[PDB]
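**Student:** Starting off with a structure, shown below.
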Amino acid sequence: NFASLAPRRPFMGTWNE
Amino acid sequence: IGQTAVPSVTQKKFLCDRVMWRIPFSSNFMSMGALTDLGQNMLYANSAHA
């Protein structure tokens, strides 16, 4: 291992409210 | 080769080009996480080993 990680919808989407 | 073939010896080798040799600091050599168990075994006693 060489160290490598990340935090990981067809029907529209943007909804931060 | 053939029925006139001369006596012979065998020679053996390998190549491993773009690689780097690895030795994981793990209680067994599998990769079970980025922070290995040996890397978190001896945070108990100071350690400071040469």
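Residues are named by chain letter and number: chains run A, B, ... in the order of the structure tokens, numbers start at 1 in each chain, and ligands are numbered from 1 in the order shown.
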If we count only C-alpha atoms, what is near stretch 2-17 of chain A at a cut-off of 12 Å, once residues fewer than 6 positions away on the same chain are taken out, given as a list in words?
**Tutor:**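 Residues near the query, excluding close chain neighbours: residues 22, 24, 31, 33, 34, 35 and 36 of chain B.
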**Student:** With N, CA and C atoms retained, could you export that selection as a PDB file, in the first residue's frame?
**Tutor:**
ATOM      1  N   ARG B  22       9.586  -4.794  -1.202  1.00  0.00           N
ATOM      2  CA  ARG B  22       8.809  -4.343  -0.034  1.00  0.00           C
ATOM      3  C   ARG B  22       8.875  -5.314   1.124  1.00  0.00           C
ATOM      4  N   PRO B  24       6.641  -5.147   4.640  1.00  0.00           N
ATOM      5  CA  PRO B  24       5.703  -4.434   5.475  1.00  0.00           C
ATOM      6  C   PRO B  24       5.980  -4.577   6.958  1.00  0.00           C
ATOM      7  N   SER B  31      -1.359  -6.410   4.066  1.00  0.00           N
ATOM      8  CA  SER B  31      -1.733  -5.019   4.274  1.00  0.00           C
ATOM      9  C   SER B  31      -3.157  -5.021   4.797  1.00  0.00           C
ATOM     10  N   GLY B  33      -4.404  -2.333   6.767  1.00  0.00           N
ATOM     11  CA  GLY B  33      -4.741  -0.936   6.976  1.00  0.00           C
ATOM     12  C   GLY B  33      -3.504  -0.092   6.738  1.00  0.00           C
ATOM     13  N   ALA B  34      -3.652   1.216   6.582  1.00  0.00           N
ATOM     14  CA  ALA B  34      -2.486   2.041   6.318  1.00  0.00           C
ATOM     15  C   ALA B  34      -1.632   2.141   7.583  1.00  0.00           C
ATOM     16  N   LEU B  35      -2.263   2.221   8.753  1.00  0.00           N
ATOM     17  CA  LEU B  35      -1.591   2.207  10.039  1.00  0.00           C
ATOM     18  C   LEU B  35      -1.471   0.759  10.518  1.00  0.00           C
ATOM     19  N   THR B  36      -0.348   0.096  10.228  1.00  0.00           N
ATOM     20  CA  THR B  36      -0.099  -1.326  10.555  1.00  0.00           C
ATOM     21  C   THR B  36      -0.176  -1.656  12.045  1.00  0.00           C
TER      22      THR B  36
END
**Student:** Which residue gives the smallest distance to chain A among B:13, B:25, B:49, B:40, with only C-alpha atoms counted?
**Tutor:** B:25
**Student:** Looking at B:23, B:38, B:45, B:50, which one is nearest to chain A, with distances taken over only C-alpha atoms?
**Tutor:**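 Among the listed residues, B:23 lies closest to chain A.
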